[PDB]
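Shown next, in structure tokens, is the structure this report addresses.
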Amino acid sequence: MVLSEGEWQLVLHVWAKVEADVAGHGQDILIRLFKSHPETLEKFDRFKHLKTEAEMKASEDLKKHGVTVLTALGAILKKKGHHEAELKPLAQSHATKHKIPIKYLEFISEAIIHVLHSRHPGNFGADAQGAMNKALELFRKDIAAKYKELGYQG
Ligand code: HEM
């Protein structure tokens, strides 16, 4: 897959709106993931005790981890597909330490798309949605290929 230049423009234009409140977006994405797919919370030893959404929102450490996640993701998107070097340390930890199947990346992709709609009702159009889905799909496919290069089945 390949994005057009105009699609990357839409992606980066939307990302500038994420960067204006990274913690608010990161916390919302994690909570959306955990409510929609509670099997994913069990991978997080530090947060697995959180049970209701109200608990999650008051957890300072969950919000900080949201920043960690979106910070890494934004660095990758900003490379517009030339991201082999940023992917490697990410692929290495999530395949071999955290043991995250690629299916869980699809789930966080859907959570990102939902939170962008919830947080930007008027800005996040169909074309922007399309471009973001493609950027995230590319991310998932290249990470699945790095899994295999490390000898893992994602
Ligand atoms: C956009 C997708 C994602 C990005 C950019 C991302 C990024 C990161 C980063 C930067 C870290 C900290 C350092 C590290 O261990 O690598 C981390 C930790 C972690 N990630 Fe992810 N991640 C993503 C998706 C996921 C998903 C979907 C899961 C599981 C459902 C997951 C599971 C974990 C776990 C379990 C840790 C360790 C948490 C801790 O500090 O105790 N990641 N991630």
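Each chain in the structure tokens gets a letter, A, B and so on, in the order shown; residues start at 1 in every chain, and ligands are counted from 1 in the order they appear.
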Using only C-alpha atoms, determine which residues lie at most 7 Å from stretch 128-136 of chain A, disregarding the query and same-chain residues fewer than 6 positions distant; provide the list as a short mmCIF file (atom, residue, chain, number, x, y, z; two decimals) with N, CA and C atoms, in the first residue's frame.
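See result-v3.cif below for the written result:
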```cif
data_model
loop_
_atom_site.label_atom_id
_atom_site.label_comp_id
_atom_site.auth_asym_id
_atom_site.auth_seq_id
_atom_site.Cartn_x
_atom_site.Cartn_y
_atom_site.Cartn_z
N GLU A 7 -3.44 12.40 0.89
CA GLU A 7 -3.89 11.60 2.04
C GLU A 7 -2.95 11.83 3.22
N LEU A 10 -3.91 15.10 4.87
CA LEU A 10 -5.06 14.95 5.76
C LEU A 10 -4.67 14.30 7.08
N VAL A 11 -3.83 13.27 7.03
CA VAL A 11 -3.38 12.62 8.26
C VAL A 11 -2.66 13.60 9.17
N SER A 109 -6.63 0.76 16.61
CA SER A 109 -6.93 1.58 15.43
C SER A 109 -8.38 2.03 15.43
#
```
Check: Mind listing the residues within 7 Å of ligand 1, only C-alpha atoms and all ligand atoms counted, as a PyMOL selection string?
Finding: chain A and resi 40-41+43-46+68-70+72-73+89-90+93-94+98+100+104-105+107-109
Export of prior selection with N, CA, C and O atoms as a compact mmCIF listing (two decimals), in the first residue's frame:
```txt
# COMPACT_ATOMS: atom_id res chain seq x y z
N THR A 40 -8.08 -6.79 26.25
CA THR A 40 -6.80 -6.08 26.10
C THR A 40 -6.29 -5.55 27.45
O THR A 40 -5.07 -5.53 27.69
N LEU A 41 -7.19 -5.15 28.34
CA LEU A 41 -6.77 -4.68 29.68
C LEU A 41 -5.95 -5.72 30.42
O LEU A 41 -5.06 -5.38 31.20
N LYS A 43 -3.58 -7.52 29.40
CA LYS A 43 -2.17 -7.41 29.08
C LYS A 43 -1.44 -6.39 29.94
O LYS A 43 -0.21 -6.36 29.91
N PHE A 44 -2.16 -5.50 30.62
CA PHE A 44 -1.56 -4.37 31.34
C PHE A 44 -1.62 -4.66 32.84
O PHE A 44 -2.60 -4.31 33.52
N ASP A 45 -0.55 -5.29 33.34
CA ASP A 45 -0.38 -5.55 34.77
C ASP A 45 -0.58 -4.31 35.61
O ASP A 45 -1.08 -4.38 36.73
N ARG A 46 -0.19 -3.15 35.10
CA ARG A 46 -0.31 -1.96 35.91
C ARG A 46 -1.73 -1.44 35.98
O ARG A 46 -2.05 -0.71 36.92
N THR A 68 2.59 8.40 26.25
CA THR A 68 3.67 7.57 25.73
C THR A 68 3.30 6.95 24.39
O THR A 68 4.10 6.94 23.46
N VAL A 69 2.08 6.38 24.31
CA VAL A 69 1.60 5.71 23.10
C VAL A 69 1.46 6.70 21.96
O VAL A 69 2.07 6.53 20.90
N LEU A 70 0.73 7.80 22.17
CA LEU A 70 0.52 8.77 21.08
C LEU A 70 1.81 9.47 20.66
O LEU A 70 2.01 9.77 19.48
N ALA A 72 4.79 8.04 20.58
CA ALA A 72 5.46 7.15 19.64
C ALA A 72 4.71 7.08 18.33
O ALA A 72 5.33 7.03 17.27
N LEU A 73 3.37 7.05 18.37
CA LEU A 73 2.63 6.89 17.12
C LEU A 73 2.83 8.10 16.24
O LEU A 73 3.03 7.97 15.03
N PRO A 89 12.07 -0.84 17.26
CA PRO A 89 12.02 -0.99 18.72
C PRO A 89 10.63 -1.21 19.23
O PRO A 89 10.44 -1.88 20.26
N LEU A 90 9.65 -0.68 18.51
CA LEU A 90 8.25 -0.95 18.80
C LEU A 90 7.91 -2.40 18.52
O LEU A 90 7.31 -3.05 19.37
N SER A 93 9.50 -4.80 21.20
CA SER A 93 8.91 -4.94 22.53
C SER A 93 7.52 -5.57 22.48
O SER A 93 7.19 -6.36 23.35
N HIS A 94 6.67 -5.21 21.49
CA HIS A 94 5.29 -5.70 21.56
C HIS A 94 5.17 -7.16 21.12
O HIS A 94 4.30 -7.87 21.63
N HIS A 98 5.71 -7.76 25.49
CA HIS A 98 4.30 -7.65 25.84
C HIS A 98 3.47 -8.78 25.24
O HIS A 98 2.41 -9.08 25.77
N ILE A 100 1.79 -9.02 22.02
CA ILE A 100 0.56 -8.38 21.54
C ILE A 100 0.31 -8.89 20.12
O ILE A 100 1.11 -8.57 19.21
N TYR A 104 -4.86 -7.01 18.18
CA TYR A 104 -5.02 -5.98 19.20
C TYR A 104 -4.66 -4.61 18.65
O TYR A 104 -5.27 -3.64 19.05
N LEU A 105 -3.79 -4.55 17.63
CA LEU A 105 -3.50 -3.28 16.96
C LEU A 105 -4.69 -2.79 16.13
O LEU A 105 -4.87 -1.57 15.95
N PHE A 107 -7.74 -3.36 16.97
CA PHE A 107 -8.65 -2.80 17.98
C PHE A 107 -8.23 -1.39 18.40
O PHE A 107 -9.08 -0.52 18.57
N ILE A 108 -6.95 -1.14 18.60
CA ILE A 108 -6.61 0.25 19.01
C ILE A 108 -6.77 1.24 17.85
O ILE A 108 -6.99 2.44 18.08
N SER A 109 -6.63 0.76 16.61
CA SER A 109 -6.93 1.58 15.43
C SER A 109 -8.38 2.03 15.43
O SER A 109 -8.68 3.22 15.22
```
Might you pull out every residue within 7 Å of stretch 19-30 of chain A, with only C-alpha atoms counted and same-chain residues fewer than 3 positions away left off, and present them as a compact mmCIF listing (two decimals) with C-alpha atoms, in the first residue's frame?
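part-v8.txt, written as the output of this step:
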```txt
# COMPACT_ATOMS: atom_id res chain seq x y z
CA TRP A 15 -2.59 14.87 13.95
CA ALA A 16 -1.92 18.55 14.66
CA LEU A 33 -9.95 0.21 23.81
CA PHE A 34 -10.47 -1.19 27.30
CA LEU A 62 -3.12 5.62 32.60
CA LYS A 63 -3.24 9.14 31.18
CA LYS A 64 0.61 9.25 31.18
CA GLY A 66 -1.62 7.45 26.74
CA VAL A 67 0.93 10.19 26.17
CA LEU A 70 0.52 8.77 21.08
CA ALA A 111 -10.46 3.19 19.15
CA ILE A 112 -8.36 5.99 17.63
CA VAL A 115 -12.07 9.09 19.69
```
Next item on the list: Pick out the closest residue to residue A:75 from this set: A:32, A:151, A:96, A:12. Count only C-alpha atoms.
Entry: A:12
Next item on the list: Considering only C-alpha atoms, return as a ChimeraX atom specification whatever protein or nucleic-acid residues lie within 12 Å of residue A:143, sequence-local ones (same chain, fewer than 3 positions apart) excluded.
Entry: /A:76,81,83-95,100-103,105-106,136-140,146-150,152-154
Give me a file of those residues, with N, CA and C atoms, as a compact mmCIF listing (two decimals), in the first residue's frame.
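Now in again.txt:
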```txt
# COMPACT_ATOMS: atom_id res chain seq x y z
N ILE A 76 5.89 8.15 14.23
CA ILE A 76 5.87 7.25 13.09
C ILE A 76 5.05 7.83 11.94
N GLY A 81 5.32 6.99 6.07
CA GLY A 81 5.62 5.69 5.53
C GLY A 81 7.10 5.29 5.53
N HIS A 83 9.37 4.61 7.85
CA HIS A 83 9.37 4.47 9.30
C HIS A 83 10.01 3.17 9.76
N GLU A 84 10.72 2.47 8.88
CA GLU A 84 11.33 1.21 9.28
C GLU A 84 12.13 1.35 10.58
N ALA A 85 12.85 2.47 10.72
CA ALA A 85 13.75 2.65 11.86
C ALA A 85 12.99 2.89 13.16
N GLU A 86 11.88 3.63 13.10
CA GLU A 86 11.05 3.81 14.31
C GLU A 86 10.26 2.56 14.67
N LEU A 87 9.90 1.73 13.67
CA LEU A 87 9.09 0.54 13.96
C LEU A 87 9.88 -0.50 14.73
N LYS A 88 11.16 -0.67 14.42
CA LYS A 88 11.91 -1.80 14.97
C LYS A 88 11.82 -1.90 16.48
N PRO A 89 12.07 -0.84 17.26
CA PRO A 89 12.02 -0.99 18.72
C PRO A 89 10.63 -1.21 19.23
N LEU A 90 9.65 -0.68 18.51
CA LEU A 90 8.25 -0.95 18.80
C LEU A 90 7.91 -2.40 18.52
N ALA A 91 8.26 -2.91 17.33
CA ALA A 91 7.95 -4.30 17.01
C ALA A 91 8.65 -5.22 18.00
N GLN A 92 9.87 -4.87 18.37
CA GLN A 92 10.64 -5.73 19.23
C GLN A 92 9.97 -5.90 20.58
N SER A 93 9.50 -4.80 21.20
CA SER A 93 8.91 -4.94 22.53
C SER A 93 7.52 -5.57 22.48
N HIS A 94 6.67 -5.21 21.49
CA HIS A 94 5.29 -5.70 21.56
C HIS A 94 5.17 -7.16 21.12
N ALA A 95 6.07 -7.63 20.24
CA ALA A 95 6.12 -9.06 19.87
C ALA A 95 6.75 -9.90 20.98
N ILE A 100 1.79 -9.02 22.02
CA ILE A 100 0.56 -8.38 21.54
C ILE A 100 0.31 -8.89 20.12
N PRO A 101 -0.76 -9.63 19.87
CA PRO A 101 -1.09 -9.99 18.48
C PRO A 101 -1.50 -8.77 17.69
N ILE A 102 -1.38 -8.91 16.36
CA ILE A 102 -1.72 -7.82 15.46
C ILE A 102 -3.20 -7.48 15.58
N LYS A 103 -4.05 -8.46 15.93
CA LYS A 103 -5.48 -8.20 16.15
C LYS A 103 -5.72 -7.10 17.19
N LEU A 105 -3.79 -4.55 17.63
CA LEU A 105 -3.50 -3.28 16.96
C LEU A 105 -4.69 -2.79 16.13
N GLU A 106 -5.40 -3.73 15.49
CA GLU A 106 -6.64 -3.37 14.80
C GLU A 106 -7.63 -2.78 15.78
N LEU A 136 -3.14 3.97 9.30
CA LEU A 136 -3.08 2.99 10.39
C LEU A 136 -2.94 1.57 9.86
N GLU A 137 -3.59 1.27 8.73
CA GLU A 137 -3.47 -0.04 8.11
C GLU A 137 -2.05 -0.31 7.67
N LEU A 138 -1.44 0.66 6.98
CA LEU A 138 -0.02 0.60 6.63
C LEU A 138 0.85 0.32 7.85
N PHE A 139 0.66 1.09 8.92
CA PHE A 139 1.35 0.85 10.17
C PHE A 139 1.21 -0.60 10.61
N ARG A 140 -0.03 -1.13 10.62
CA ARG A 140 -0.26 -2.50 11.09
C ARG A 140 0.43 -3.53 10.17
N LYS A 146 7.41 -6.87 10.53
CA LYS A 146 8.58 -6.85 11.40
C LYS A 146 8.47 -7.96 12.41
N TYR A 147 7.24 -8.28 12.85
CA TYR A 147 7.04 -9.46 13.72
C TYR A 147 7.70 -10.67 13.12
N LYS A 148 7.40 -10.92 11.84
CA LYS A 148 7.89 -12.12 11.14
C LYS A 148 9.39 -12.08 10.99
N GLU A 149 9.95 -10.90 10.78
CA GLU A 149 11.40 -10.80 10.69
C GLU A 149 12.06 -11.14 12.01
N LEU A 150 11.36 -10.93 13.12
CA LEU A 150 11.84 -11.37 14.41
C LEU A 150 11.47 -12.83 14.68
N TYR A 152 8.26 -14.20 14.65
CA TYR A 152 7.01 -14.33 15.37
C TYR A 152 5.84 -14.27 14.39
N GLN A 153 4.77 -14.92 14.77
CA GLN A 153 3.52 -14.83 14.03
C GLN A 153 2.65 -13.84 14.79
N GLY A 154 2.42 -12.66 14.21
CA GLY A 154 1.50 -11.70 14.82
C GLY A 154 0.01 -12.06 14.71
```
